[PDB]
Amino acid sequence: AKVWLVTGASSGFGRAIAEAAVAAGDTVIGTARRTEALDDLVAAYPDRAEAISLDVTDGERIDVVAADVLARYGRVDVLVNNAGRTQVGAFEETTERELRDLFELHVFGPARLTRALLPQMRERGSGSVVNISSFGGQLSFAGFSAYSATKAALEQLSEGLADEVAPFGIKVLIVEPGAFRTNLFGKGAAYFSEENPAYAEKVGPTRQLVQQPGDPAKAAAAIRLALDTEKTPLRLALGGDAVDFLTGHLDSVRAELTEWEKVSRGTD
Amino acid sequence: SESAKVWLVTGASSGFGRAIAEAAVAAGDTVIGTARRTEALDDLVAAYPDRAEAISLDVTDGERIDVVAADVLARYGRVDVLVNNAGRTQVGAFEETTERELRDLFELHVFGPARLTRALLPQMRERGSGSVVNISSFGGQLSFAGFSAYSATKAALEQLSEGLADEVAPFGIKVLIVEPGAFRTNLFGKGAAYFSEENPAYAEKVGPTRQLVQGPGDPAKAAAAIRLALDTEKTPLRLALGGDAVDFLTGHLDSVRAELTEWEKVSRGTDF
Amino acid sequence: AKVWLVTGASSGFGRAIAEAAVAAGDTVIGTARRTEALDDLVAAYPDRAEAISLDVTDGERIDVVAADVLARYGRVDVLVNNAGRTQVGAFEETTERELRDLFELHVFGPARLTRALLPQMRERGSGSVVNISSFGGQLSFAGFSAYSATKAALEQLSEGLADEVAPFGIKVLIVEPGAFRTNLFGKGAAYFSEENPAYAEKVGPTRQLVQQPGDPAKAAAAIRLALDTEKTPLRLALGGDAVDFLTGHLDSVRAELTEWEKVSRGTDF
Amino acid sequence: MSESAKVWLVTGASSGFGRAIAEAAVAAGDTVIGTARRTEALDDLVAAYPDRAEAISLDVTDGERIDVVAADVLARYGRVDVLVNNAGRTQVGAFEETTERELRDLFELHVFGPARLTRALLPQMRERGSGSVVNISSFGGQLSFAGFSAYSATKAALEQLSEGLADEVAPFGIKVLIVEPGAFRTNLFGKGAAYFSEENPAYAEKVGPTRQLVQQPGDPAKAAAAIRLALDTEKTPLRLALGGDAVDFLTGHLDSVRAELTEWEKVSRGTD
Amino acid sequence: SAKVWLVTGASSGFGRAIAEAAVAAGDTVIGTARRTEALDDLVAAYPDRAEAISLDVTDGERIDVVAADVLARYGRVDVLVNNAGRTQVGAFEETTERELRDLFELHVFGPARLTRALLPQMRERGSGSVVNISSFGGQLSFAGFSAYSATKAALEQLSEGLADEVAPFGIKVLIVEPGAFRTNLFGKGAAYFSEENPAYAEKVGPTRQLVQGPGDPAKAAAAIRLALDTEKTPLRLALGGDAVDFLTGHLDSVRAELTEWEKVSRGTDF
Amino acid sequence: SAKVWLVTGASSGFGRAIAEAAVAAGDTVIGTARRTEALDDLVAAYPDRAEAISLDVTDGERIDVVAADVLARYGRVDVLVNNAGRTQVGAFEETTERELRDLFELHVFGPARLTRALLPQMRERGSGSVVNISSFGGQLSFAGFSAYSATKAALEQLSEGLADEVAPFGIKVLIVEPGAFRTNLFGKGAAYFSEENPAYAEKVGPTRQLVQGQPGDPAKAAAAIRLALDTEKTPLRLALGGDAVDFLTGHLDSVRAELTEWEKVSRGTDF
Amino acid sequence: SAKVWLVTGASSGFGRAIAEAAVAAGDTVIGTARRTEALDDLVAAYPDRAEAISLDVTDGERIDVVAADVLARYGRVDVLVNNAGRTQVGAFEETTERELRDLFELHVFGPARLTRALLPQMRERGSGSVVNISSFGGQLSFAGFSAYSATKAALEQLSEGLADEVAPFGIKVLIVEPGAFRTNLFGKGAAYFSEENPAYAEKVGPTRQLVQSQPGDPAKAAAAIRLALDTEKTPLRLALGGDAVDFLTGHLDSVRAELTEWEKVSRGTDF
Ligand code: NA
Ligand code: NA
Ligand code: NA
């Protein structure tokens, strides 16, 4: 029986991941902004699920919650960083406040929480850190700059960490979903900047993209499968759409590198 | 007669930025180089007293970014090429990196450059020409032991750059992500570097990264390649510089591709 | 020759109103968070259109903008409070911050601008205050509580003011649009709270409503028609969808009042 | 507690309509928590009903104190069946005379306070699958006139919060009632605080009459019995008008809004 | 007879070797680090003789708390080793006041406060050792080393003055002046390098290389223990040939210059 | 040509003597003191070539303002002399953290900030002098003198590293190491002596006696400084007084002796 | 029945002498000092009748805590001795405001605060002594001694007013006016010297030398204080040492002569 701590557990992937752990017999602590958002999970598993109030934006609260969960449970086996939100807007339209906020949620908060729980994993010689990224963690396009920037920062913190904690048997999994249904599991908040005529043609489609094919329950099962495989992948894309964006981007980056390779190598 | 292109280079007092600034002035461009202390740039201004100016700028200071950007526009009328170069080397285990260290690196490498770019974008747009050159690293696409914070900042800068490029292409604005390896520090000097304490839990992994970051590129050749990239009809999104950068980038591309391929069945199976 | 000040002129309905004013021969000051969005308008009418930077969440900047306009233009004849955003969230899912932020854009901001520009209208004995509301200014439903609350506040500020300034010859018009096409004038900002499964059945359809038939240029022309009438209507609904929502809500309020009237009147001494 | 008894939480319970509601609840065998700024105001009711009535100090303006008081009641009583958001102030003055401070203060009392308190008690109502939220509005919740703009703006906001919430929470068996009284007799129950702005010459003719009106009186005891009838009816009305004045005002305004919509309908519909 | 060692900055490099030597010889060690977790490996290896305590030596109030707590639970500290610090390289002109103050905090003020906290109980016993980890740079400087040398020399002179005062109490004061040690077993300490501008690159470049990298830190830790086990403990213990050479060069040059100018020096009498 | 001297702590001791020697030699002097009135005599004697400016060297803000004002109005500073300071004697355990920090502010942080403020214009011109008033205590210590010596040594080492860095720009760095000087004609800085209990009296007592008092003439010290600055190779250090010379030699001898004593153990750590 | 003595500045000199004489007389002593180290031997030698408490009399909050702590644990204080302080020399013009304020904190405000905290329990009991260690300087001054004299004189007059008020309660107030005492046995108190200004050197120099062997025996001084307190009519003032007696009679002679000379003028100003 593993102890799971899942941030943003009241909606989307977080909720589906939290439900799948309790269903498998694990012990889950789900965090959300409002404890009561997880009232149904807790009332159905009074013994193995707990809801805690946590704003991933609040560093002080992160330290309190990490310490309280460690104190009362003795350990965290799996950390899942799922707290977050959707944001679409032109680079120029994104305010510094909106940019800093998204980084608090997707980067600084998850890093602080991860840092708080890493030592007991290292000391035990086992544990998993599961970071909910996006295909956006490797690529961007019109309207997605702030979002991709935050997810790519998360991804590179994960890559670095993974290399460091492999010796301790710690698994780091970067999950890269595409679009998933929201009727059954809900979703996190979403903000869409004013579209000004200069950007509408480019940014407009990204608004549609973010505003169907994916099953959150099947996603959570694939995450558990990847964690339970001998060699856990560093990244797990989820959805045909995510896969398509990722391969197309790998393709164009390699093409450009080869094209400019002689120039690149000539600066030696 | 033609108006000379106006280059604004941040962290232009040493290293790669000083090579880029030098390249611009020797080619006839007008250069505003920035540094925390203007006196850091005395040698540049002494050499090019008519075409080079030194302005005091801490890229961690958002109010000052806005003041400098507005001041440069007021006196030069425009900025043709913005080079976001300011920054530092940083090495430490993820567990060893303090929140303050992580935040300070994001200020320098992400928030400051984002603010400066937003301030200068509108005049590029209204003119219908301009270049934003963001100095990244092979670490803007990949990471390893001791490099987590650095790679995180550069990847954020790269993704801001990818999004922006897609949005401003219709305006004729060029966005260039530069991904160098290590350069010789002979004439131009070196940028600041911080190395976290290495404890025995991480030393075997983090140790080599410290060495990698400490020390053979030619910064002048690198600076020429940037200018070539900017002068070409199809300006690439990325320009890696140096053999090690290319090797690192190719190895990461391969590893990512191989992993995607292996896991593709599972990835595609999550639909209804 | 009238001086129009239009907030949120950057996109959607605000752009259309400002565009209609200049096409009519008036002088326009359009405000937005960023001036760069209004550049083509200023380019087309360089002597009669100006773009000013204004976040209506910032009380100090409202005061500065208002004073600057009155100094350089001498007056404001028509004030249009249009700045704002669409918002969707279950009541319980709305954080206090999401609630207060919407009240800044739709209520406190407009109230402050209006107070600052009211004295000069009152001294001149003419002026119009045009408050961009919604069918939501009179009614609400799942997912729409915060939005409706802000717009209803704005409508009732407008009702009380209208009665107060009528003797000064000042016009107050509450405009109640449905949804407009935004392929021409650009789409406004939109905020959506976290979605909870327990609420999805109800909030679902509202998200979809917000995320077509209205022509914003026709709406702008309707506003000016209403203003040009000697007895300006207090309210001007725009679009069949808005009229339908409003008549639906008026029907149900009326039926309820009738049903409970005996009990209601019975509570007096 | 008797098996059929209900827990009522009434804000602003020490005087006026809120006092009458609190008193009607105890008389009906219910258990009451009444709040006020000075708890000592409710001493005489607590002494008359030691085990079924409690006074708790609360400024609805104070959101931290809201959360504490709500948690306290739920801990100690186990539930709240009926919440009455009654705390409030009468306020009159010209739009132009009202300070931004006075406006924000009235929004805190009438809108943000109740919103937070409601939000805090809604989940125990949902889990139990029964409960009532009773919001004390005014005829002013649907209409305004000279001197009344701030007060109407706040009541209308509270009403629309209620309308939206009502639609969301009906599936859970939760009742949401908007009460719309006129002025009440004050001889037996007293009244709430009241502020009347300076009336300058330019507004005296319009605002004067509003001051008089706000200052045909309702019977608060019968008004409280009507709230209880409305809540006990299978189809609870969304709105309950109270008094001939409120009914006249509300029906007269619906009439005018409808007539105007009719007159302008061709113009309204023509915007496709 | 077991001794209680308190070693600041004990998790990596030289301090960790000093901690290792102590526990290997049967003494008790309290090692400090900004995070207790940095020391997990030492506590794992020596569960009964090593403890890790969180201490940021730039935090004076935390210094008082940690010293009192150690006394409360161990009853004494026999050997204090002021080891916490960092390497720092940069031109005098490029060094910010903040960077200068932070280095003084780590290398001077923190050590002074901690020493003060722990002296009374050594006086009371009539025994103890204060071991201050300096450098050849505690006696000399050169391009890029100004801030570093300044902090180490201050620590040295505090030490010289203290040694002369506490000798009658049976307290030993040892200034250790190491050169470059191998960092392959216990990791390396933190290091900050300033930007190196063209005006200073030729002079400061070689200093960056010198601190970036021939010495055995295990032998260095043994030499410290030997110097303390000796009836007459030297005031200074240079460690490494490189240290000896730097120190001799500076002695020679200071003496040559004193002599060259001596006639002028002596002619200022009233 | 005529040089511009900025002298901190100009109202007493070496600062006063150096300021008077500069103006007598035809140079221009800006002297600083906490109370400008302390420099009234200087300004009255040389109304056109001396100026008094108020400066507390513990106030970095004020340091910045004064440095900029002097550069703005004089156009340059040729010679910076750091003489601001005070004296303290007391057992290491008697010295409060506050007293310790205050000494470091006066002797180290203040002079460093002022030096950094004036270095670029020296570097740019290719000429200039930095004159730091240290002590034999900048190389050595003993009972009662720990705090003082620690601050002076910090200053010495900042000077060593700086001197090496700016030699290529022709800038002179001069560490002045005086012994005991008469104070009846030039005065001196404030002096504090901690409580001296019987347990420390035998060791600390002699140090109090030594700093309170005599042999040295500050006017002659000022001339020796100007002589060192005017010589082709300026020494990095200038001791002043036979007493300082004996202190410094004795310390060199014992440091060298102990190095040699333990040398085999030292070299034994090499792989 | 042994009395409870609270002695400030018990760490050296006179305060230590007084604390020791009290334990030797069989009394109970609480000695207070910024640092307690010097008192270790007294505490260990008399573990049941001597205690050392850390107290900086400049810190009013700490005065309050310590007064309260002693009253709660011992039940009372019979004899309060205000002895904390330092020596200080400087020309009036060379005395900075901070130097003047610091000396007033030590010699005036702290002692006033401690006395106030302990007076109620004396008043309620109907017995007690307040012993204030002044100086001949509490009545007179001369070059270099103005701050010291000003603080001691203020302490003396607080004492004169207090003595008159608390006489009817049976409380004794004793102003002790010592001259220079030997420091080789009991140790030496802190000493502060203002910046030296050459314009004052001839006047202030001799005073500096005055405070920098000494005739007085602190053990004999302690015995005389005890005798003064044991006497039914305790004198208001007790000079100690021939030097003190001579300074004081010199001052009384001059004040008396000047009063006489100007009496007619003085009395001529009546309405
Ligand atoms: Na480096
Ligand atoms: Na000073
Ligand atoms: Na003395």
# chains A, B, ... in the order shown; residues from 1 in each chain; ligands from 1

$ residues_near_ligand --ligand "ligand 3" --cutoff "7 Å" --atoms "only C-alpha atoms and all ligand atoms" --output "PDB file with N, CA and C atoms, in the first residue's frame"
ATOM      1  N   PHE F 193      37.630  51.252  25.898  1.00  0.00           N
ATOM      2  CA  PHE F 193      38.308  50.144  26.549  1.00  0.00           C
ATOM      3  C   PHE F 193      37.274  49.372  27.334  1.00  0.00           C
TER       4      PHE F 193
ATOM      5  N   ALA G 191      36.021  52.096  29.987  1.00  0.00           N
ATOM      6  CA  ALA G 191      36.385  53.515  29.900  1.00  0.00           C
ATOM      7  C   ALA G 191      36.267  54.040  28.483  1.00  0.00           C
ATOM      8  N   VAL G 211      42.379  59.834  34.761  1.00  0.00           N
ATOM      9  CA  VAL G 211      41.583  58.616  34.782  1.00  0.00           C
ATOM     10  C   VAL G 211      42.342  57.404  34.268  1.00  0.00           C
ATOM     11  N   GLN G 212      43.425  57.653  33.540  1.00  0.00           N
ATOM     12  CA  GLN G 212      44.287  56.578  33.040  1.00  0.00           C
ATOM     13  C   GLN G 212      45.400  56.237  34.039  1.00  0.00           C
TER      14      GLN G 212
END

$ residues_near_ligand --ligand "ligand 1" --cutoff "7 Å" --atoms "only C-alpha atoms and all ligand atoms" --output "ChimeraX atom specification"
/B:193,213-214 /E:193

$ write_last_selection --atoms "N, CA and C atoms" --output "PDB file, in the first residue's frame"
ATOM      1  N   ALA B 193      29.294  33.000 -12.370  1.00  0.00           N
ATOM      2  CA  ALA B 193      28.909  31.588 -12.223  1.00  0.00           C
ATOM      3  C   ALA B 193      28.727  31.245 -10.735  1.00  0.00           C
ATOM      4  N   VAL B 213      30.933  22.900 -17.212  1.00  0.00           N
ATOM      5  CA  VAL B 213      30.567  24.299 -17.241  1.00  0.00           C
ATOM      6  C   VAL B 213      31.804  25.194 -17.054  1.00  0.00           C
ATOM      7  N   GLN B 214      32.885  24.623 -16.509  1.00  0.00           N
ATOM      8  CA  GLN B 214      34.106  25.371 -16.186  1.00  0.00           C
ATOM      9  C   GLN B 214      35.197  25.304 -17.260  1.00  0.00           C
TER      10      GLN B 214
ATOM     11  N   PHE E 193      31.709  32.941  -8.607  1.00  0.00           N
ATOM     12  CA  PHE E 193      32.637  33.676  -9.443  1.00  0.00           C
ATOM     13  C   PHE E 193      31.931  34.881 -10.046  1.00  0.00           C
TER      14      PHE E 193
END

$ residues_around --residues "residue 194 in chain B" --least-positions-apart "6" --cutoff "12 Å" --atoms "only C-alpha atoms" --output "NGL selection string"
(:B and (87-92 or 97 or 101-102 or 104-105 or 146-147 or 149-150 or 210 or 213-214)) or (:E and (86-89 or 189-195))

$ write_last_selection --atoms "N, CA, C and O atoms" --output "compact mmCIF listing (two decimals), in the first residue's frame"
# COMPACT_ATOMS: atom_id res chain seq x y z
N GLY B 87 22.78 37.15 -17.89
CA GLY B 87 22.54 35.90 -17.17
C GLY B 87 23.79 35.36 -16.53
O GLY B 87 24.83 36.05 -16.49
N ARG B 88 23.68 34.14 -16.02
CA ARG B 88 24.80 33.53 -15.36
C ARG B 88 24.78 32.02 -15.50
O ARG B 88 23.75 31.41 -15.87
N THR B 89 25.92 31.42 -15.18
CA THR B 89 26.03 30.00 -15.07
C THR B 89 25.60 29.60 -13.66
O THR B 89 25.95 30.26 -12.68
N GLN B 90 24.84 28.51 -13.59
CA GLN B 90 24.42 27.95 -12.31
C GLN B 90 24.38 26.43 -12.29
O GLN B 90 23.72 25.78 -13.13
N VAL B 91 25.06 25.88 -11.28
CA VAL B 91 25.19 24.44 -11.11
C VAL B 91 24.88 24.02 -9.69
O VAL B 91 25.50 24.49 -8.73
N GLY B 92 23.91 23.13 -9.56
CA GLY B 92 23.63 22.50 -8.27
C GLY B 92 22.55 21.44 -8.36
O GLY B 92 21.64 21.52 -9.18
N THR B 97 19.34 23.25 -4.40
CA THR B 97 18.98 24.58 -4.89
C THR B 97 17.92 25.23 -3.98
O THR B 97 16.86 24.64 -3.75
N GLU B 101 17.54 31.03 -4.89
CA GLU B 101 18.41 30.78 -6.05
C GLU B 101 17.64 30.46 -7.33
O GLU B 101 17.98 30.96 -8.42
N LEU B 102 16.61 29.63 -7.20
CA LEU B 102 15.81 29.28 -8.35
C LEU B 102 15.08 30.54 -8.89
O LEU B 102 15.09 30.78 -10.09
N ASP B 104 15.74 33.83 -8.45
CA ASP B 104 16.74 34.77 -8.97
C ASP B 104 17.20 34.38 -10.40
O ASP B 104 17.39 35.23 -11.25
N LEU B 105 17.38 33.08 -10.65
CA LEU B 105 17.76 32.63 -11.99
C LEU B 105 16.61 32.85 -13.00
O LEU B 105 16.84 33.27 -14.14
N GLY B 146 22.79 18.31 -11.80
CA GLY B 146 23.29 19.65 -11.47
C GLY B 146 22.85 20.82 -12.34
O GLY B 146 23.15 21.99 -12.04
N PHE B 147 22.12 20.51 -13.41
CA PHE B 147 21.77 21.51 -14.41
C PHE B 147 20.27 21.86 -14.39
O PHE B 147 19.78 22.58 -15.27
N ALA B 149 18.03 23.76 -12.64
CA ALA B 149 17.57 25.14 -12.60
C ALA B 149 17.95 25.91 -13.86
O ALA B 149 17.14 26.61 -14.46
N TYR B 150 19.19 25.74 -14.30
CA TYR B 150 19.65 26.40 -15.52
C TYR B 150 18.81 25.96 -16.72
O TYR B 150 18.27 26.82 -17.45
N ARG B 210 29.86 20.36 -13.12
CA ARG B 210 30.69 21.49 -12.69
C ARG B 210 31.88 21.63 -13.65
O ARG B 210 32.20 22.73 -14.09
N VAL B 213 30.93 22.90 -17.21
CA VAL B 213 30.57 24.30 -17.24
C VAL B 213 31.80 25.19 -17.05
O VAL B 213 31.80 26.35 -17.47
N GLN B 214 32.88 24.62 -16.51
CA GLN B 214 34.11 25.37 -16.19
C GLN B 214 35.20 25.30 -17.26
O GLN B 214 35.91 26.28 -17.47
N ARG E 86 32.41 29.58 1.77
CA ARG E 86 32.39 29.33 0.35
C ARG E 86 33.63 29.96 -0.27
O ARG E 86 34.29 30.81 0.35
N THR E 87 33.98 29.49 -1.46
CA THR E 87 35.00 30.11 -2.28
C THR E 87 34.38 31.30 -3.01
O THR E 87 33.23 31.21 -3.45
N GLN E 88 35.12 32.37 -3.17
CA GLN E 88 34.61 33.53 -3.88
C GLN E 88 35.72 34.20 -4.64
O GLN E 88 36.75 34.53 -4.07
N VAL E 89 35.47 34.44 -5.92
CA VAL E 89 36.45 35.01 -6.82
C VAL E 89 35.81 36.17 -7.57
O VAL E 89 34.70 36.03 -8.12
N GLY E 189 32.77 22.34 -1.72
CA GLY E 189 31.95 23.42 -1.18
C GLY E 189 31.38 24.31 -2.28
O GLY E 189 31.69 24.16 -3.46
N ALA E 190 30.51 25.23 -1.87
CA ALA E 190 29.95 26.21 -2.78
C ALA E 190 31.01 27.23 -3.26
O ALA E 190 32.01 27.51 -2.58
N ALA E 191 30.80 27.76 -4.46
CA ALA E 191 31.74 28.72 -5.04
C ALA E 191 30.98 29.72 -5.90
O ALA E 191 30.06 29.34 -6.65
N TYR E 192 31.34 30.99 -5.76
CA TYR E 192 30.79 32.05 -6.57
C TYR E 192 31.89 32.78 -7.30
O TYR E 192 32.86 33.22 -6.68
N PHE E 193 31.71 32.94 -8.61
CA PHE E 193 32.64 33.68 -9.44
C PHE E 193 31.93 34.88 -10.05
O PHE E 193 30.87 34.75 -10.67
N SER E 194 32.50 36.06 -9.81
CA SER E 194 31.99 37.26 -10.42
C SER E 194 32.22 37.26 -11.90
O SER E 194 33.12 36.58 -12.42
N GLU E 195 31.41 38.03 -12.60
CA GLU E 195 31.74 38.37 -13.96
C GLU E 195 33.19 38.89 -14.04
O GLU E 195 33.64 39.67 -13.20

$ residues_near_ligand --ligand "ligand 2" --cutoff "7 Å" --atoms "only C-alpha atoms and all ligand atoms" --output "PyMOL selection string"
chain F and resi 9+33-34+55-58+84-85+106

$ write_last_selection --atoms "N, CA and C atoms" --output "PDB file, in the first residue's frame"
ATOM      1  N   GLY F   9      38.089  61.227   7.811  1.00  0.00           N
ATOM      2  CA  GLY F   9      38.631  61.355   9.165  1.00  0.00           C
ATOM      3  C   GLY F   9      39.713  62.424   9.174  1.00  0.00           C
ATOM      4  N   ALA F  33      34.534  64.691   7.881  1.00  0.00           N
ATOM      5  CA  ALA F  33      34.449  64.485   9.326  1.00  0.00           C
ATOM      6  C   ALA F  33      32.974  64.416   9.630  1.00  0.00           C
ATOM      7  N   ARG F  34      32.585  63.873  10.784  1.00  0.00           N
ATOM      8  CA  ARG F  34      31.165  63.806  11.103  1.00  0.00           C
ATOM      9  C   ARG F  34      30.611  65.207  11.365  1.00  0.00           C
ATOM     10  N   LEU F  55      30.578  63.677   6.635  1.00  0.00           N
ATOM     11  CA  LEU F  55      30.457  62.293   6.223  1.00  0.00           C
ATOM     12  C   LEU F  55      30.635  61.367   7.397  1.00  0.00           C
ATOM     13  N   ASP F  56      29.608  60.552   7.611  1.00  0.00           N
ATOM     14  CA  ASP F  56      29.703  59.371   8.429  1.00  0.00           C
ATOM     15  C   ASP F  56      29.971  58.160   7.495  1.00  0.00           C
ATOM     16  N   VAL F  57      31.147  57.567   7.623  1.00  0.00           N
ATOM     17  CA  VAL F  57      31.583  56.482   6.769  1.00  0.00           C
ATOM     18  C   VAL F  57      30.785  55.163   6.971  1.00  0.00           C
ATOM     19  N   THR F  58      29.991  55.115   8.038  1.00  0.00           N
ATOM     20  CA  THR F  58      29.075  54.009   8.342  1.00  0.00           C
ATOM     21  C   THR F  58      27.752  54.123   7.545  1.00  0.00           C
ATOM     22  N   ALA F  84      39.154  57.587   8.459  1.00  0.00           N
ATOM     23  CA  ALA F  84      38.007  57.413   9.371  1.00  0.00           C
ATOM     24  C   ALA F  84      38.191  56.127  10.187  1.00  0.00           C
ATOM     25  N   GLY F  85      37.852  56.189  11.462  1.00  0.00           N
ATOM     26  CA  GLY F  85      38.061  55.055  12.354  1.00  0.00           C
ATOM     27  C   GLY F  85      37.981  55.402  13.833  1.00  0.00           C
ATOM     28  N   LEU F 106      33.412  50.911   9.957  1.00  0.00           N
ATOM     29  CA  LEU F 106      34.306  52.071   9.897  1.00  0.00           C
ATOM     30  C   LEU F 106      35.593  51.741   9.125  1.00  0.00           C
TER      31      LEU F 106
END

$ closest_atom_pairs --of "chain E" --to "chain F" --cutoff "6 Å" --atoms "only C-alpha atoms" --output "tab-separated table"
residue	atom	partner	partner_atom	distance
E:92	CA	F:162	CA	5.8
E:93	CA	F:116	CA	5.7
E:141	CA	F:161	CA	4.9
E:142	CA	F:161	CA	4.1
E:143	CA	F:161	CA	5.0
E:145	CA	F:161	CA	5.9
E:146	CA	F:161	CA	4.4
E:149	CA	F:157	CA	5.7
E:150	CA	F:154	CA	4.0
E:153	CA	F:153	CA	5.7
E:154	CA	F:150	CA	4.0
E:157	CA	F:150	CA	4.7
E:158	CA	F:146	CA	4.6
E:160	CA	F:141	CA	5.4
E:161	CA	F:142	CA	4.1
E:162	CA	F:92	CA	5.9
E:164	CA	F:143	CA	5.3
E:165	CA	F:143	CA	5.1
E:214	CA	F:271	CA	5.8
E:215	CA	F:270	CA	4.6
E:216	CA	F:269	CA	5.4
E:219	CA	F:269	CA	5.1
E:220	CA	F:269	CA	5.6
E:238	CA	F:266	CA	5.6
E:239	CA	F:266	CA	4.4
E:240	CA	F:267	CA	5.0
E:241	CA	F:267	CA	4.8
E:265	CA	F:240	CA	4.4
E:266	CA	F:242	CA	4.7
E:268	CA	F:220	CA	5.1
E:269	CA	F:216	CA	4.4
E:270	CA	F:217	CA	4.6

$ decode --residues "range 87-96 of chain B" --atoms "N, CA and C atoms" --output "PDB file, in the first residue's frame"
ATOM      1  N   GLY B  87      22.778  37.148 -17.889  1.00  0.00           N
ATOM      2  CA  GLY B  87      22.538  35.903 -17.169  1.00  0.00           C
ATOM      3  C   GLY B  87      23.787  35.362 -16.532  1.00  0.00           C
ATOM      4  N   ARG B  88      23.685  34.140 -16.021  1.00  0.00           N
ATOM      5  CA  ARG B  88      24.805  33.531 -15.360  1.00  0.00           C
ATOM      6  C   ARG B  88      24.777  32.021 -15.499  1.00  0.00           C
ATOM      7  N   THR B  89      25.919  31.424 -15.182  1.00  0.00           N
ATOM      8  CA  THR B  89      26.033  29.996 -15.066  1.00  0.00           C
ATOM      9  C   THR B  89      25.603  29.597 -13.665  1.00  0.00           C
ATOM     10  N   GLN B  90      24.839  28.509 -13.588  1.00  0.00           N
ATOM     11  CA  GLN B  90      24.422  27.951 -12.310  1.00  0.00           C
ATOM     12  C   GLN B  90      24.380  26.430 -12.287  1.00  0.00           C
ATOM     13  N   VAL B  91      25.057  25.879 -11.283  1.00  0.00           N
ATOM     14  CA  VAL B  91      25.188  24.440 -11.114  1.00  0.00           C
ATOM     15  C   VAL B  91      24.879  24.022  -9.686  1.00  0.00           C
ATOM     16  N   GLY B  92      23.914  23.129  -9.556  1.00  0.00           N
ATOM     17  CA  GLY B  92      23.631  22.502  -8.268  1.00  0.00           C
ATOM     18  C   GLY B  92      22.549  21.436  -8.361  1.00  0.00           C
ATOM     19  N   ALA B  93      22.673  20.423  -7.520  1.00  0.00           N
ATOM     20  CA  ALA B  93      21.639  19.403  -7.369  1.00  0.00           C
ATOM     21  C   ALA B  93      20.287  20.050  -7.110  1.00  0.00           C
ATOM     22  N   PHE B  94      19.231  19.430  -7.626  1.00  0.00           N
ATOM     23  CA  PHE B  94      17.867  19.920  -7.435  1.00  0.00           C
ATOM     24  C   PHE B  94      17.566  20.110  -5.945  1.00  0.00           C
ATOM     25  N   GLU B  95      17.857  19.082  -5.145  1.00  0.00           N
ATOM     26  CA  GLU B  95      17.604  19.119  -3.708  1.00  0.00           C
ATOM     27  C   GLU B  95      18.395  20.245  -3.003  1.00  0.00           C
ATOM     28  N   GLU B  96      19.555  20.604  -3.543  1.00  0.00           N
ATOM     29  CA  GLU B  96      20.429  21.610  -2.927  1.00  0.00           C
ATOM     30  C   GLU B  96      20.086  23.070  -3.316  1.00  0.00           C
TER      31      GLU B  96
END
